[PDB]
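Residues per chain, in single letters:
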Amino acid sequence: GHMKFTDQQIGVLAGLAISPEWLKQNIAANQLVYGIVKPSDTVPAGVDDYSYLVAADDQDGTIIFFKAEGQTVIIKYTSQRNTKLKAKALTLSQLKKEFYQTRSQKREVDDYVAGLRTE
């Protein structure tokens, strides 16, 4: 912990970085779930309390794992469910300066945080 931001707020940046259009299509109809891995369901290695973005209908379709630790985000995404994740490490600053530059944008980004499902 001892961090800043909230995971909710960071995941939008992490998926605007990785298929922003797929993030948008799903938020348009609220079809996007924000949920945590946990020792809960079938998952790959190295995500043990990572947040994962998927749509409720896109299970095998497309998926984006992320976790902010400190001032880094390790985005772990794939286009094939049955194979391991890629890795994009960025600083939390990188993502903020890509998808949180302006003041007006702080609406839209936080709007994508408030048009997700959580369960």
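Method-wise, the PDB entry is recorded as coming from solution NMR.

Novice: Could you give an account of the packing of aromatic side chains, naming the residues involved and the relevant values?
Specialist: Applying the stated criterion to the full structure yields two aromatic pairs. For the ring pair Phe5 and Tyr100, a centre distance of 6.3 Å and an interplane angle of 65° mean the geometry is edge-to-face. One end of the pair, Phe5, is in the segment before α1 (7-16); the other, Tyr100, is in the loop between α3 (92-99) and α4 (105-112), and 95 residues separate them in sequence. On the basis of relative accessible area, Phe5 is assigned to the partly exposed category, the value being 41%.

Novice: Could you give an account of unusual backbone geometry, naming the residues involved and the relevant values?
Specialist: A positive phi angle, close to 60°, is found at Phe5, a residue other than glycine. One non-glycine residue, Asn30, lies in positive phi territory at about 60°. As for its placement among the helices and strands, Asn30 is situated in the loop between α2 (20-28) and β1 (32-36). We classify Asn30 as partly exposed; its relative accessible area is 28%.

Procedures and definitions
Residues numbered from 1 in each chain as written, not as in the entry; some residues may be left out. Heavy atoms only, no water. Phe/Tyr/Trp six-rings, centres within 6.5 Å; stacked < 30°, edge-to-face > 60°. Helix = DSSP H or I, 4+ residues; strand = E, 2+ residues; numbered from the N terminus. Buried < 20%, exposed > 50% of the residue type's maximum accessible area, 1.4 Å probe, protein only.

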